[PDB]
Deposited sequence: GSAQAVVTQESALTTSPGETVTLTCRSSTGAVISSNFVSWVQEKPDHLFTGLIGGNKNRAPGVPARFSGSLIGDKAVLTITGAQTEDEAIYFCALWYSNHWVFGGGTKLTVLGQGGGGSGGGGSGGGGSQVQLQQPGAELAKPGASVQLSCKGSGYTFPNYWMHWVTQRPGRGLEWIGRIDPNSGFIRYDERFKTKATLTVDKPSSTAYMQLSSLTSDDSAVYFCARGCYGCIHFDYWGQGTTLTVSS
């Protein structure tokens, strides 16, 4: 059974500078295992995502050393050893399940005591389209070798969590769609302009959301770098 695969995280945690924080990530299918190749990502205001950990335990370059990831017993764990005020954020884990990624629901971390990037993924800020129509979203990679990375697409509906849409390999053309989005999204890419595209079809008000692109590749820190997100509003 994996058609109901659900990833669970703590609702909220509170810390302060110099404390240790433990965040966990559990799978409904059994123990979290090495094959789940877990990523941890951080959401700051407004819709600003950064990948912290990939491949269960690999810290992304540039991420502070106080962040570490591991598989401990049957869960994935992100530890912040010596929290800082800038760590106040929502933390999501993501698990690989055979042919799709599943995000956990996120943990809101509060830190008491409050008070350019080489790689860039470039998305337009906003789009509006009518119900029943389709729309094109774009994501241009800058400052890295675009064909050497897959492009993931992810959405966040208002007030809610992350949902994986699919990914495309620019080098081979291979596409994966999540079952949730295989009739909603269509992925294409253009290598000479380093641009990934996603067409969203048969729009409805449920499709009003922020849509992100993010990098990945086999064995890489999936979701290391993210576009800023395009806000789509579906309205007459």
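Coordinate coverage of the deposited sequence is interrupted once, at 116 to 127, where no C-alpha atom was modelled.
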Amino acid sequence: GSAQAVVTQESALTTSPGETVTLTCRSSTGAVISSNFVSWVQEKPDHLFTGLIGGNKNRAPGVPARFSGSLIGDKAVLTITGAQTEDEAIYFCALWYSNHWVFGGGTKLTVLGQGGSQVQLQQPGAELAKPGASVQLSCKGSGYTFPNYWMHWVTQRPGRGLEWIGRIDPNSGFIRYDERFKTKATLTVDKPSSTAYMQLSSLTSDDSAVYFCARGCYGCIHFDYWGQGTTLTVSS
From here on, numbers count along this sequence of modelled residues.
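Per the records, residue 166 is modelled in every other compared entry, just as the shown structure includes it, so no third of them leave it out. Among the other PDB entries of this protein that were compared and that flank it with modelled residues, residue 132 is modelled in all, so it is never left out in a third of them. With 130 to 138 and 68 to 76 compared on mean CA B-factor from the PDB entry, the stretch scoring higher is 68 to 76. Stretches 84 to 92 and 116 to 124 differ in mean CA B factor, with 116 to 124 having the higher one. Taking the PDB entry at face value, the top CA B factor among 207, 179, 169, 46 belongs to 46. Among 199, 195, 42, 29, the highest C-alpha B-factor recorded in the PDB entry belongs to 29.
Placement of the Cα temperature factor of residue 148 within the chain: highest third of the modelled residues, per the deposited record.
Residue 227 sits in the lowest third of its chain by CA B factor, as recorded in the PDB entry. In the PDB entry, residue 13 places in the middle third of its chain by CA B-factor.
Among the modelled residues of its chain, residue 25 has a C-alpha B-factor that falls in the middle third, as given in the PDB entry.
When the modelled residues of the chain are ordered by their C-alpha B factor, residue 213 lands in the lowest third.
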